[PDB]
Amino acid sequence: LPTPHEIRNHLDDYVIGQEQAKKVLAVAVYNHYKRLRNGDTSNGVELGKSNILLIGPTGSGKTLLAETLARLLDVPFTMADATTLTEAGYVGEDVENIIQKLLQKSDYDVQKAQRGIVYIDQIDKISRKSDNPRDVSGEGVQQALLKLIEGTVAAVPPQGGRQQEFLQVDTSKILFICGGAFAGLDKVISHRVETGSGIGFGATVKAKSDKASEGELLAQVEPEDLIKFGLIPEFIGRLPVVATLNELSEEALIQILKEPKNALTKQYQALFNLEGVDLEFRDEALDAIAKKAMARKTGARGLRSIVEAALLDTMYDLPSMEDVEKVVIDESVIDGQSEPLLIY
Amino acid sequence: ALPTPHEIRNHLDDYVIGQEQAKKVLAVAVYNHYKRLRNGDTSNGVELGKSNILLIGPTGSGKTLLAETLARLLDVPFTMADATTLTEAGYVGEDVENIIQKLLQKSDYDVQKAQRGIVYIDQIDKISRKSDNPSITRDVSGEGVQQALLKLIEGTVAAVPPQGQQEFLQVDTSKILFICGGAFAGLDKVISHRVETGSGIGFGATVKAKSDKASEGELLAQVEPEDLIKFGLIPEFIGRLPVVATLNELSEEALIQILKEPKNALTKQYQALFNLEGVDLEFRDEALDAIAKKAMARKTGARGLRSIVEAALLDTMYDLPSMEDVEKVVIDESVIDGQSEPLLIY
Amino acid sequence: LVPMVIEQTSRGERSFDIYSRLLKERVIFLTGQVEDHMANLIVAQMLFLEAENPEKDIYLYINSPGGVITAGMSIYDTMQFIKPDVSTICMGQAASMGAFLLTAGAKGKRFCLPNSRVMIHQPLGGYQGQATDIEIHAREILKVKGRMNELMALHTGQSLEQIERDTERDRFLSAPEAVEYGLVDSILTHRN
Amino acid sequence: XXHXXXX
Ligand SMILES: Nc1ncnc2c1ncn2[C@@H]1O[C@H](COP(=O)(O)OP(=O)(O)OP(O)(O)=S)[C@@H](O)[C@H]1O
Ligand SMILES: Nc1ncnc2c1ncn2[C@@H]1O[C@H](COP(=O)(O)OP(=O)(O)OP(O)(O)=S)[C@@H](O)[C@H]1O
C-alpha cells in the first residue's frame with residue numbers, strides 16, 4: 001500500500017524547500033510497515049529497527065511534516081510534547097499517558113493502535129544537563145523514554161475502568177519520530193571539524209564562507225557529536241535514520257507566499273476584502289521580502305514580521321480612508337522608503 | 001459595529017502621550033482581532049493567521065499603562081498575568097496553565113467567550129538566559145518556561161480545573177492573542193557590538209562616545225531578531241512574536257505634557273490631595289520645566305518624577321495641617337531647587 | 001633599573017612598573033633627546049588613552065634638551081587630532097622642540113615650574129654636495145622655520161614678526177616671563 | 001520542593 005513516489009509528491013503539495021528529507025521519510029515509512037507485513041519471518045535475523053530522527057532549524061517544517069503526514073496516512077497519529085514529560089509522574093505527566101492519547105485517537109483499538117505513528121516535538125528539551133543537580137526533566141525522562149523506545153509492553157487501563165486490569169499493548173511495532181530544533185549543535189560539529197586557520201601563504205582562510213554551514217554541516221553530523229550535547233548514546237543507536245534540512249532559499253520563500261492556501265498574501269488580502277478594498281502585491285515586492293527574511297534568519301515563522309510592519313501604517317488609516325477601490329504595493333514599500341499608493 | 005483605529009487611539013491619547021509608534025501597533029492588532037472575530041470562521045482565505053506583539057521600551061516608558069487602559073475600552077475579556085511565577089516542568093509555584101484558569105474569572109467560565117480573549121504578560125525579559133546559548137543547570141525560568149510557552153502561542157489545548165466528577169475542560173489557544181513585553185536590561189551593549197563596528201585604537205578608528213553615540217532610542221530602533229539570540233532568547237520563542245514595537249525615552253517636552261494633559265497626571269493628583277484639605281495648589285509653568293530636567297538626570301523614567309515632587313513639597317506637607325486660614329499655595333521654580341520656600345496665600 | 005610597584009584592586013594585587021602605573025592615569029613622560037623611536041612610543045600612548053576615555057584630560061611632562069624636528073611634529077599633530085585636552089608641564093628644561101610641544105598644549109591647561117627654563121632658536125641643519133642640492137635643502141629648511149613661527153604665534157598669541165625677531169638666536173625665558181609671553185597659563189608653585 | 005546547585 002505505501003508508495004514512495006506518490007508520498008513524495010503528496011508532501012510537496014504541503015511542503016517546499018526540503019527535497020532530500022522527503023526521500024528519507026518515504027524509505028523509513030515504507031520499510032517500517034513492510035517489516036510488520038512479515039514480522040521476523042525472513043531469513044535475516046536481528047533486523048535493524050526502523051526509526052526517524054528529524055533535525056532542522058526553526059521554521060523548517062518539522063511540526064508541518066507531522067501534520068501533513070497524519071492527514072495523508074490512514075493510521076491514527078499523535079502530537080505530543082517533551083516539555084510536559086516528567087519522571088516518576090510527580091505533578092507534570094507520565095510517559096504512559098502518551099499511549100492513552102493514542103487509544104483515544106484509535107478508539108481503544110489495540111490492533112489498530114500498534115500500527116500507529118508517534119511524533120515528539122522539542123526532542124532537545126530532554127537533553128541531559130545535570131552538571132549541577134533531583135532532575136525531573138533530564139536523565140529521568142530520557143531513561144524512561146529509552147525503555148519505551150526499546151520495545152516493551154506497558155500497562156494501560158482501557159477506558160479508565162468502571163476491574164483492576166490493564167492491557168499489555170506492544171511497543172516495538174509502533175513507530176516513533178523524534179524531532180526538534182537543536183541549538184548549539186552546529187557549534188559542536190564545527191568545533192570537531194574546522195580544517196582552517198592557516199597563516200601560511202599557501203594556506204587559505206575562510207572567515208565569512210563556512211562551507212554551507214546551515215546545510216552541509218548538518219549532513220556531516222555524527223552520533224558522537226550528539227553525545228557531547230547531552231543525549232544518551234543508546235538512544236541515538238536506536239535511530240539509524242536522520243533527516244537534515246537546509247535553510248530555506250529565497251526562491252522557496254516566494255513559492256510559500258503564492259502556492260499554499262495559508263499564504264500571508266491570501267489571508268491578508270482576504271481580510272482586506274472583508275473591509276471592501278482589494279490588495280495587490282507585485283513580483284518585485286516578493287523577491288525583496290525574501291532577502292529581508294533570510295537576513296533575519298528566523299525561518300518562515302519570522303516572515304510575517306516584514307509583511308506586517310510594512311503594512312502597519314496602511315492598515316492603521318485604511319478604515320478612515322474612503323473611495324479606495326484597490327491597493328497597490330511596490331517593491332519600495334517593503335524597504336519602507338516610499339509609502340504605498342492607493343487606487344481610487 | 002466595531003471600534004476604528006483612529007477612535008481607539010483618541011481614547012489612548014488621554015492616558016498616554018509621546019508613543020505614537022506604539023499606539024498604531026496595538027490598534028492594528030485589536031482591529032485584526034475584531035475582524036477575525038467578526039466572521040464565523042468564513043473567509044476567502046482559510047487558516048487566518050495570528051500575530052503576537054512584543055512590546056519593548058525603556059524603564060517607565062508606559063508599557064504597563066497600555067495594558068491597563070486597553071482592558072477598560074476592550075469589550076472582550078482581558079487578563080494581566082506575569083512571567084515571574086511561571087514554573088516549567090511542574091515545579092512548586094504557578095504553572096503556564098494558570099494563565100488560562102485566570103482568564104475564566106474575568107469571563108465567568110465561558111469557553112466560547114474565553115477563546116476570543118486577549119492576554120498580556122510582563123517581565124518577559126527576566127526569563128531569558130544570561131547571554132548563554134547552552135544552559136548548564138537547566139534554568140527553570142531560562143531554558144524552561146520560554147520553551148513551555150511555545151506550545152501555548154503555537155496553538156494547543158490544555159486541561160484546566162473547572163472549580164476549586166473532578167473532570168477537566170479543553171480550550172484552544174490558536175485564536176487567542178498574547179502581548180509579551182518587558183523592559184530589557186543590558187540590550188544596548190549587545191546592539192552596540194553588532195552595529196558600531198568602530199572599536200579599537202588608532203587615528204582612523206571612529207571612537208566617539210558619551211556625546212552622540214550610544215543613544216538608547218536609536219539603538220532599540222535598529223534591533224533585529226538575530227540580536228536577541230546573543231541576549232539569551234531562543235529563536236523559536238522569537239518566531240512566535242513577529243511584530244515588534246520599539247518605544248522611545250521620554251523627551252523633555254513629553255514630560256511637560258504628561259504633567260498636565262493626562263487624566264491622572266501627577267500634578268492633578270496632588271491638587272486633588274490638597275483640594276480636600278481646603279487649600280488650592282497651582283504650579284507655575286516655569287517651575288514645571290525645572291522638574292522635567294531633574295527627572296531625565298535620574299534616568300528612572302516617569303515613575304521617578306514622584307521623587308522630585310515629594311522632596312520639593314515635603315516640608316510644606318508637614319506644616320500645612322498645623323497652619324490655618326490658607327486658601328491658595330503657589331510653588332515657584334526656586335522651590336524645586338530647595339533654596340527657597342513656596343509662598344502661601346491667606 | 002626600574003622599581004616595581006603594587007596596585008591594590010578588588011580582584012587582587014597586580015605588580016606594575018612605575019612608568020606603566022602612571023600611564024594608567026593618563027600620564028606620559030618625555031625624556032631625553034627627541035628621536036624617531038621614543039616619539040613613535042608616545043604616539044601609541046596618546047591613542048591608547050583616547051580609546052580608554054575621551055573625556056579625561058591627558059598630562060604630558062616634558063624634560064628634554066630637544067632633538068630631531070620631524071620626530072617632534074608627529075606629536076604636535078597627534079595632540080590636536082585627538083579630542084582630549086593634552087595638558088603640558090615643563091620640568092627642568094624645554095628646548096626648541098620641547099618648547100613647541102609645551103605651548104601646543106590645551107589653552108588654559110599649561111603650567112611651568114618655578115625653576116624651569118625654556119630655550120628657543122631656529123632649525124639646525126647642514127648639507128654637503130653640489131650647489132644645486134644645497135638650494136633644494138635650503139629652501140626646505142626655510143619652509144620649516146616659517147611654519148614653526150606661524151604655529152608658535154597661533155598658540156602664544158604674539159605676532160609673526162615678534163617670533164621671528166626673538167628666534168633668530170638663542171633666547172632664554174624664565175617661568176614668569178613665559179606667562180607674560182603667552183607660552184603658558186600659570187605656575188604650579190604649591191599644591192592646593 | 002525545587003533544586004538548588006551552584007558554586
Ligand atoms: N517548510 C515550510 N514550508 C512552508 N511553510 C512553512 C515551512 N515551515 C514553516 N512554515 C510556515 O510556518 C508555519 C509554522 O511552521 P512550523 O512547522 O510550526 O515551524 P517549526 O519550526 O517546524 O515548529 P517547531 O520548531 O517544530 S516547534 C506553517 O504554518 C507555515 O505557514
Ligand atoms: N506615555 C506616558 N504618558 C503618561 N504617563 C506615563 C507614560 N509612560 C509612563 N507614564 C507614567 O508612568 C507610570 C508607570 O508606567 P508603566 O506602564 O509602568 O511604564 P513601564 O515601561 O511599564 O515600566 P515597567 O515596564 O513596569 S519597568 C504610569 O502610571 C504613568 O504615571
# chains A, B, ... in the order shown; residues from 1 in each chain; ligands from 1
$ residues_around --residues "residue A:187" --least-positions-apart "4" --cutoff "12 Å" --atoms "only C-alpha atoms" --output "list in words"
residues 182, 183, 191, 192, 193, 194, 210, 213, 214, 217, 218, 221, 225, 226, 228 and 229 of chain A; 133 and 134 of chain B
$ residues_near_ligand --ligand "ligand 2" --cutoff "7 Å" --atoms "only C-alpha atoms and all ligand atoms" --output "list in words"
residues 15, 16, 17, 18, 19, 57, 58, 59, 60, 61, 62, 63, 64, 65, 66, 182, 183, 258, 262, 265, 302 and 303 of chain B
$ write_last_selection --atoms "N, CA and C atoms" --output "PDB file, in the first residue's frame"
ATOM      1  N   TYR B  15      -4.733  58.987  28.075  1.00  0.00           N
ATOM      2  CA  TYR B  15      -3.943  58.329  29.106  1.00  0.00           C
ATOM      3  C   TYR B  15      -2.482  58.117  28.734  1.00  0.00           C
ATOM      4  N   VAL B  16      -2.112  58.255  27.460  1.00  0.00           N
ATOM      5  CA  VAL B  16      -0.744  58.034  27.006  1.00  0.00           C
ATOM      6  C   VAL B  16      -0.334  59.167  26.079  1.00  0.00           C
ATOM      7  N   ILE B  17       0.945  59.549  26.149  1.00  0.00           N
ATOM      8  CA  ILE B  17       1.495  60.635  25.348  1.00  0.00           C
ATOM      9  C   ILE B  17       2.883  60.253  24.846  1.00  0.00           C
ATOM     10  N   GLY B  18       3.230  60.771  23.669  1.00  0.00           N
ATOM     11  CA  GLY B  18       4.550  60.568  23.089  1.00  0.00           C
ATOM     12  C   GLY B  18       4.908  59.150  22.705  1.00  0.00           C
ATOM     13  N   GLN B  19       3.923  58.316  22.386  1.00  0.00           N
ATOM     14  CA  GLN B  19       4.157  56.929  21.987  1.00  0.00           C
ATOM     15  C   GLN B  19       3.343  56.596  20.743  1.00  0.00           C
ATOM     16  N   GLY B  57      10.584  48.636  25.403  1.00  0.00           N
ATOM     17  CA  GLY B  57      10.799  50.040  25.646  1.00  0.00           C
ATOM     18  C   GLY B  57      11.657  50.277  26.870  1.00  0.00           C
ATOM     19  N   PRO B  58      12.045  51.534  27.119  1.00  0.00           N
ATOM     20  CA  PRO B  58      12.862  51.806  28.308  1.00  0.00           C
ATOM     21  C   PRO B  58      12.061  51.660  29.589  1.00  0.00           C
ATOM     22  N   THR B  59      12.706  51.901  30.725  1.00  0.00           N
ATOM     23  CA  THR B  59      12.025  51.794  32.006  1.00  0.00           C
ATOM     24  C   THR B  59      11.035  52.937  32.184  1.00  0.00           C
ATOM     25  N   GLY B  60       9.847  52.605  32.679  1.00  0.00           N
ATOM     26  CA  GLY B  60       8.827  53.611  32.919  1.00  0.00           C
ATOM     27  C   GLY B  60       8.362  54.329  31.676  1.00  0.00           C
ATOM     28  N   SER B  61       8.457  53.687  30.514  1.00  0.00           N
ATOM     29  CA  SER B  61       8.034  54.318  29.273  1.00  0.00           C
ATOM     30  C   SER B  61       6.521  54.329  29.098  1.00  0.00           C
ATOM     31  N   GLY B  62       5.806  53.417  29.758  1.00  0.00           N
ATOM     32  CA  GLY B  62       4.359  53.343  29.667  1.00  0.00           C
ATOM     33  C   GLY B  62       3.844  52.015  29.153  1.00  0.00           C
ATOM     34  N   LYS B  63       4.642  50.956  29.294  1.00  0.00           N
ATOM     35  CA  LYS B  63       4.214  49.645  28.820  1.00  0.00           C
ATOM     36  C   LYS B  63       3.072  49.102  29.668  1.00  0.00           C
ATOM     37  N   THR B  64       3.264  49.061  30.988  1.00  0.00           N
ATOM     38  CA  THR B  64       2.228  48.544  31.875  1.00  0.00           C
ATOM     39  C   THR B  64       0.965  49.392  31.816  1.00  0.00           C
ATOM     40  N   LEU B  65       1.101  50.677  31.488  1.00  0.00           N
ATOM     41  CA  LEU B  65      -0.059  51.556  31.417  1.00  0.00           C
ATOM     42  C   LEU B  65      -0.961  51.200  30.243  1.00  0.00           C
ATOM     43  N   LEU B  66      -0.373  50.797  29.117  1.00  0.00           N
ATOM     44  CA  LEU B  66      -1.174  50.481  27.939  1.00  0.00           C
ATOM     45  C   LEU B  66      -2.042  49.252  28.167  1.00  0.00           C
ATOM     46  N   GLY B 182       8.549  43.418  27.968  1.00  0.00           N
ATOM     47  CA  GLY B 182       9.233  43.816  29.183  1.00  0.00           C
ATOM     48  C   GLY B 182      10.477  44.606  28.856  1.00  0.00           C
ATOM     49  N   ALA B 183      10.823  45.528  29.750  1.00  0.00           N
ATOM     50  CA  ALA B 183      11.989  46.385  29.562  1.00  0.00           C
ATOM     51  C   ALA B 183      13.260  45.556  29.681  1.00  0.00           C
ATOM     52  N   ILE B 258       2.876  65.322  29.947  1.00  0.00           N
ATOM     53  CA  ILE B 258       2.381  64.287  30.851  1.00  0.00           C
ATOM     54  C   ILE B 258       2.029  64.878  32.212  1.00  0.00           C
ATOM     55  N   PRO B 262      -2.589  64.313  30.887  1.00  0.00           N
ATOM     56  CA  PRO B 262      -3.250  63.068  31.301  1.00  0.00           C
ATOM     57  C   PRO B 262      -4.337  63.276  32.344  1.00  0.00           C
ATOM     58  N   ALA B 265      -2.664  62.774  35.719  1.00  0.00           N
ATOM     59  CA  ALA B 265      -1.347  63.384  35.792  1.00  0.00           C
ATOM     60  C   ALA B 265      -1.033  63.734  37.239  1.00  0.00           C
ATOM     61  N   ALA B 302       9.329  58.043  33.983  1.00  0.00           N
ATOM     62  CA  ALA B 302       8.226  58.831  34.522  1.00  0.00           C
ATOM     63  C   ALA B 302       7.963  58.503  35.982  1.00  0.00           C
ATOM     64  N   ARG B 303       8.156  57.243  36.371  1.00  0.00           N
ATOM     65  CA  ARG B 303       7.905  56.836  37.750  1.00  0.00           C
ATOM     66  C   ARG B 303       8.793  57.603  38.721  1.00  0.00           C
TER      67      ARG B 303
END
$ residues_around --residues "stretch 69-81 of chain B" --least-positions-apart "5" --cutoff "7 Å" --atoms "only C-alpha atoms" --output "PyMOL selection string"
chain B and resi 99+103+106-107+114+116-121
$ write_last_selection --atoms "N, CA, C and O atoms" --output "PDB file, in the first residue's frame"
ATOM      1  N   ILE B  99      -2.502  30.785  33.702  1.00  0.00           N
ATOM      2  CA  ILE B  99      -2.899  31.936  32.889  1.00  0.00           C
ATOM      3  C   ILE B  99      -4.272  31.709  32.273  1.00  0.00           C
ATOM      4  O   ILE B  99      -5.098  32.627  32.195  1.00  0.00           O
ATOM      5  N   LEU B 103      -8.049  33.473  33.208  1.00  0.00           N
ATOM      6  CA  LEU B 103      -8.868  34.103  32.183  1.00  0.00           C
ATOM      7  C   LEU B 103     -10.349  33.772  32.315  1.00  0.00           C
ATOM      8  O   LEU B 103     -11.171  34.448  31.687  1.00  0.00           O
ATOM      9  N   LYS B 106     -12.493  36.450  34.712  1.00  0.00           N
ATOM     10  CA  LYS B 106     -12.979  37.634  34.017  1.00  0.00           C
ATOM     11  C   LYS B 106     -14.078  37.278  33.025  1.00  0.00           C
ATOM     12  O   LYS B 106     -14.970  38.094  32.772  1.00  0.00           O
ATOM     13  N   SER B 107     -14.026  36.069  32.465  1.00  0.00           N
ATOM     14  CA  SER B 107     -15.010  35.591  31.504  1.00  0.00           C
ATOM     15  C   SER B 107     -16.154  34.827  32.157  1.00  0.00           C
ATOM     16  O   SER B 107     -17.146  34.533  31.480  1.00  0.00           O
ATOM     17  N   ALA B 114     -14.065  32.888  26.116  1.00  0.00           N
ATOM     18  CA  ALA B 114     -12.672  32.939  26.541  1.00  0.00           C
ATOM     19  C   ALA B 114     -11.707  32.778  25.376  1.00  0.00           C
ATOM     20  O   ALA B 114     -10.618  33.362  25.400  1.00  0.00           O
ATOM     21  N   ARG B 116     -11.936  34.046  22.552  1.00  0.00           N
ATOM     22  CA  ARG B 116     -11.821  35.350  21.917  1.00  0.00           C
ATOM     23  C   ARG B 116     -11.201  36.391  22.845  1.00  0.00           C
ATOM     24  O   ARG B 116     -11.384  37.594  22.625  1.00  0.00           O
ATOM     25  N   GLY B 117     -10.478  35.953  23.883  1.00  0.00           N
ATOM     26  CA  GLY B 117      -9.862  36.866  24.821  1.00  0.00           C
ATOM     27  C   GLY B 117      -8.462  37.290  24.416  1.00  0.00           C
ATOM     28  O   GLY B 117      -7.867  36.754  23.484  1.00  0.00           O
ATOM     29  N   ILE B 118      -7.947  38.272  25.153  1.00  0.00           N
ATOM     30  CA  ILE B 118      -6.612  38.821  24.955  1.00  0.00           C
ATOM     31  C   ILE B 118      -5.809  38.542  26.215  1.00  0.00           C
ATOM     32  O   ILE B 118      -6.352  38.528  27.325  1.00  0.00           O
ATOM     33  N   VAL B 119      -4.508  38.324  26.038  1.00  0.00           N
ATOM     34  CA  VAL B 119      -3.602  38.016  27.137  1.00  0.00           C
ATOM     35  C   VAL B 119      -2.423  38.975  27.103  1.00  0.00           C
ATOM     36  O   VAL B 119      -1.915  39.314  26.029  1.00  0.00           O
ATOM     37  N   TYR B 120      -1.995  39.410  28.286  1.00  0.00           N
ATOM     38  CA  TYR B 120      -0.858  40.301  28.448  1.00  0.00           C
ATOM     39  C   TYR B 120       0.060  39.739  29.520  1.00  0.00           C
ATOM     40  O   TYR B 120      -0.403  39.306  30.581  1.00  0.00           O
ATOM     41  N   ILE B 121       1.358  39.745  29.233  1.00  0.00           N
ATOM     42  CA  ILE B 121       2.382  39.268  30.150  1.00  0.00           C
ATOM     43  C   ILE B 121       3.355  40.423  30.362  1.00  0.00           C
ATOM     44  O   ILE B 121       3.411  41.366  29.570  1.00  0.00           O
TER      45      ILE B 121
END
$ interface_residues --of "chain A" --to "chain D" --cutoff "8 Å" --atoms "only C-alpha atoms" --output "ChimeraX atom specification"
/A:132-134
$ residues_around --residues "residue A:58" --least-positions-apart "6" --cutoff "12 Å" --atoms "only C-alpha atoms" --output "PyMOL selection string"
(chain A and resi 64+122+179-183+214+245-248+296-302) or (chain B and resi 234-240)
$ write_last_selection --atoms "N, CA and C atoms" --output "PDB file, in the first residue's frame"
ATOM      1  N   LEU A  64       5.241  20.807  10.672  1.00  0.00           N
ATOM      2  CA  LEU A  64       4.384  20.731   9.495  1.00  0.00           C
ATOM      3  C   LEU A  64       4.366  19.326   8.910  1.00  0.00           C
ATOM      4  N   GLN A 122      10.248  19.017  20.176  1.00  0.00           N
ATOM      5  CA  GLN A 122      11.258  19.545  21.095  1.00  0.00           C
ATOM      6  C   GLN A 122      12.050  18.423  21.766  1.00  0.00           C
ATOM      7  N   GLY A 179      11.851  14.553  16.951  1.00  0.00           N
ATOM      8  CA  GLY A 179      12.265  15.745  16.231  1.00  0.00           C
ATOM      9  C   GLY A 179      12.166  16.993  17.076  1.00  0.00           C
ATOM     10  N   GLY A 180      13.024  17.954  16.759  1.00  0.00           N
ATOM     11  CA  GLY A 180      13.057  19.222  17.459  1.00  0.00           C
ATOM     12  C   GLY A 180      14.237  20.034  16.984  1.00  0.00           C
ATOM     13  N   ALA A 181      14.211  21.314  17.344  1.00  0.00           N
ATOM     14  CA  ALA A 181      15.274  22.224  16.944  1.00  0.00           C
ATOM     15  C   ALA A 181      16.472  22.070  17.869  1.00  0.00           C
ATOM     16  N   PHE A 182      17.640  21.842  17.275  1.00  0.00           N
ATOM     17  CA  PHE A 182      18.886  21.671  18.008  1.00  0.00           C
ATOM     18  C   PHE A 182      19.657  22.986  17.980  1.00  0.00           C
ATOM     19  N   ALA A 183      19.801  23.608  19.148  1.00  0.00           N
ATOM     20  CA  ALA A 183      20.511  24.873  19.297  1.00  0.00           C
ATOM     21  C   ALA A 183      21.868  24.588  19.925  1.00  0.00           C
ATOM     22  N   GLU A 214      24.670  26.081   7.216  1.00  0.00           N
ATOM     23  CA  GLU A 214      23.296  25.707   7.531  1.00  0.00           C
ATOM     24  C   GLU A 214      22.955  24.297   7.056  1.00  0.00           C
ATOM     25  N   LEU A 245      17.809  19.157   7.211  1.00  0.00           N
ATOM     26  CA  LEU A 245      17.077  20.196   6.497  1.00  0.00           C
ATOM     27  C   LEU A 245      17.933  21.446   6.375  1.00  0.00           C
ATOM     28  N   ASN A 246      18.122  21.906   5.143  1.00  0.00           N
ATOM     29  CA  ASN A 246      18.889  23.112   4.886  1.00  0.00           C
ATOM     30  C   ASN A 246      18.015  24.345   5.108  1.00  0.00           C
ATOM     31  N   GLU A 247      18.665  25.500   5.210  1.00  0.00           N
ATOM     32  CA  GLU A 247      17.932  26.744   5.386  1.00  0.00           C
ATOM     33  C   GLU A 247      17.135  27.041   4.124  1.00  0.00           C
ATOM     34  N   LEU A 248      15.955  27.627   4.300  1.00  0.00           N
ATOM     35  CA  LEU A 248      15.103  27.930   3.159  1.00  0.00           C
ATOM     36  C   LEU A 248      15.776  28.934   2.231  1.00  0.00           C
ATOM     37  N   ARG A 296      17.088  37.975   8.578  1.00  0.00           N
ATOM     38  CA  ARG A 296      16.643  37.769   9.952  1.00  0.00           C
ATOM     39  C   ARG A 296      17.042  36.396  10.473  1.00  0.00           C
ATOM     40  N   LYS A 297      17.126  35.402   9.589  1.00  0.00           N
ATOM     41  CA  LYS A 297      17.499  34.035   9.961  1.00  0.00           C
ATOM     42  C   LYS A 297      16.528  33.458  10.987  1.00  0.00           C
ATOM     43  N   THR A 298      15.243  33.772  10.815  1.00  0.00           N
ATOM     44  CA  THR A 298      14.180  33.295  11.688  1.00  0.00           C
ATOM     45  C   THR A 298      13.303  32.232  11.039  1.00  0.00           C
ATOM     46  N   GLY A 299      13.510  31.930   9.762  1.00  0.00           N
ATOM     47  CA  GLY A 299      12.693  30.956   9.080  1.00  0.00           C
ATOM     48  C   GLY A 299      11.403  31.578   8.581  1.00  0.00           C
ATOM     49  N   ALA A 300      10.496  30.703   8.145  1.00  0.00           N
ATOM     50  CA  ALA A 300       9.210  31.166   7.637  1.00  0.00           C
ATOM     51  C   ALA A 300       8.379  31.830   8.725  1.00  0.00           C
ATOM     52  N   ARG A 301       8.507  31.364   9.970  1.00  0.00           N
ATOM     53  CA  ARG A 301       7.728  31.926  11.070  1.00  0.00           C
ATOM     54  C   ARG A 301       7.991  33.416  11.261  1.00  0.00           C
ATOM     55  N   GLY A 302       9.201  33.882  10.956  1.00  0.00           N
ATOM     56  CA  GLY A 302       9.514  35.289  11.093  1.00  0.00           C
ATOM     57  C   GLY A 302       9.251  36.107   9.851  1.00  0.00           C
TER      58      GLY A 302
ATOM     59  N   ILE B 234      15.483  32.317  22.876  1.00  0.00           N
ATOM     60  CA  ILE B 234      15.528  31.188  21.952  1.00  0.00           C
ATOM     61  C   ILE B 234      14.925  31.673  20.637  1.00  0.00           C
ATOM     62  N   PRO B 235      15.419  31.253  19.465  1.00  0.00           N
ATOM     63  CA  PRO B 235      14.796  31.740  18.223  1.00  0.00           C
ATOM     64  C   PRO B 235      13.362  31.274  18.059  1.00  0.00           C
ATOM     65  N   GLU B 236      13.030  30.089  18.580  1.00  0.00           N
ATOM     66  CA  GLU B 236      11.664  29.585  18.489  1.00  0.00           C
ATOM     67  C   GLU B 236      10.682  30.538  19.153  1.00  0.00           C
ATOM     68  N   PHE B 237      11.038  31.059  20.328  1.00  0.00           N
ATOM     69  CA  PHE B 237      10.152  31.981  21.027  1.00  0.00           C
ATOM     70  C   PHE B 237      10.011  33.286  20.259  1.00  0.00           C
ATOM     71  N   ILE B 238      11.094  33.747  19.633  1.00  0.00           N
ATOM     72  CA  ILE B 238      11.025  34.984  18.869  1.00  0.00           C
ATOM     73  C   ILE B 238      10.214  34.775  17.600  1.00  0.00           C
ATOM     74  N   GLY B 239      10.243  33.564  17.038  1.00  0.00           N
ATOM     75  CA  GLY B 239       9.481  33.302  15.831  1.00  0.00           C
ATOM     76  C   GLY B 239       7.988  33.447  16.037  1.00  0.00           C
ATOM     77  N   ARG B 240       7.499  33.109  17.230  1.00  0.00           N
ATOM     78  CA  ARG B 240       6.078  33.236  17.524  1.00  0.00           C
ATOM     79  C   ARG B 240       5.638  34.680  17.713  1.00  0.00           C
TER      80      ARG B 240
END
$ residues_around --residues "residue B:208" --least-positions-apart "3" --cutoff "9 Å" --atoms "only C-alpha atoms" --output "short mmCIF file (atom, residue, chain, number, x, y, z; two decimals) with C-alpha atoms, in the first residue's frame"
data_model
loop_
_atom_site.label_atom_id
_atom_site.label_comp_id
_atom_site.auth_asym_id
_atom_site.auth_seq_id
_atom_site.Cartn_x
_atom_site.Cartn_y
_atom_site.Cartn_z
CA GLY B 198 34.36 51.23 15.24
CA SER B 211 28.12 62.71 23.31
CA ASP B 212 26.46 61.42 20.10
CA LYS B 213 26.60 57.61 20.03
CA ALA C 51 40.08 54.99 23.39
CA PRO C 54 37.93 60.56 25.52
#
$ residues_around --residues "stretch 158-169 of chain A" --least-positions-apart "6" --cutoff "10 Å" --atoms "only C-alpha atoms" --output "tab-separated table (two decimals) with N, CA, C and O atoms, in the first residue's frame"
chain	number	residue	atom	x	y	z
A	99	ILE	N	0.51	6.81	25.54
A	99	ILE	CA	-0.21	5.67	24.98
A	99	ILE	C	-1.71	5.86	25.15
A	99	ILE	O	-2.50	5.42	24.31
A	100	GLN	N	-2.13	6.52	26.24
A	100	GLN	CA	-3.55	6.75	26.46
A	100	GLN	C	-4.14	7.64	25.38
A	100	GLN	O	-5.23	7.37	24.86
A	103	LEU	N	-4.79	5.79	22.13
A	103	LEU	CA	-6.00	4.98	22.07
A	103	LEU	C	-7.23	5.84	21.81
A	103	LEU	O	-8.17	5.39	21.14
A	104	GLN	N	-7.25	7.06	22.36
A	104	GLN	CA	-8.39	7.95	22.12
A	104	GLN	C	-8.52	8.24	20.63
A	104	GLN	O	-9.63	8.35	20.11
A	107	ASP	N	-9.64	4.90	19.22
A	107	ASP	CA	-10.87	4.39	19.82
A	107	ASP	C	-10.67	3.00	20.42
A	107	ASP	O	-11.37	2.04	20.09
A	108	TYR	N	-9.72	2.93	21.35
A	108	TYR	CA	-9.35	1.71	22.08
A	108	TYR	C	-9.27	0.48	21.18
A	108	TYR	O	-9.89	-0.55	21.44
A	109	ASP	N	-8.48	0.61	20.11
A	109	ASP	CA	-8.26	-0.47	19.15
A	109	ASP	C	-6.78	-0.85	19.23
A	109	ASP	O	-5.93	-0.19	18.64
A	110	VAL	N	-6.49	-1.93	19.97
A	110	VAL	CA	-5.10	-2.36	20.13
A	110	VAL	C	-4.52	-2.81	18.79
A	110	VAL	O	-3.36	-2.51	18.48
A	111	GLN	N	-5.30	-3.55	18.00
A	111	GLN	CA	-4.81	-4.00	16.70
A	111	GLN	C	-4.52	-2.82	15.78
A	111	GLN	O	-3.58	-2.88	14.98
A	113	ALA	N	-3.93	0.34	16.99
A	113	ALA	CA	-3.03	1.27	17.66
A	113	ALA	C	-1.57	0.85	17.55
A	113	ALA	O	-0.69	1.72	17.50
A	114	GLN	N	-1.30	-0.45	17.51
A	114	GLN	CA	0.09	-0.91	17.41
A	114	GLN	C	0.73	-0.49	16.10
A	114	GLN	O	1.96	-0.36	16.03
A	152	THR	N	8.63	-2.50	24.80
A	152	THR	CA	8.17	-3.20	25.98
A	152	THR	C	6.67	-3.00	26.10
A	152	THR	O	6.11	-2.03	25.59
$ closest_atom_pairs --of "chain B" --to "ligand 1" --cutoff "8 Å" --atoms "only C-alpha atoms and all ligand atoms" --output "JSON lines"
{"residue": "B:150", "atom": "CA", "partner": "ligand 1", "partner_atom_place_in_ligand_line": "27 (S)", "distance": 7.1}
{"residue": "B:151", "atom": "CA", "partner": "ligand 1", "partner_atom_place_in_ligand_line": "27 (S)", "distance": 7.5}
{"residue": "B:154", "atom": "CA", "partner": "ligand 1", "partner_atom_place_in_ligand_line": "18 (O)", "distance": 7.1}
{"residue": "B:236", "atom": "CA", "partner": "ligand 1", "partner_atom_place_in_ligand_line": "25 (O)", "distance": 6.2}
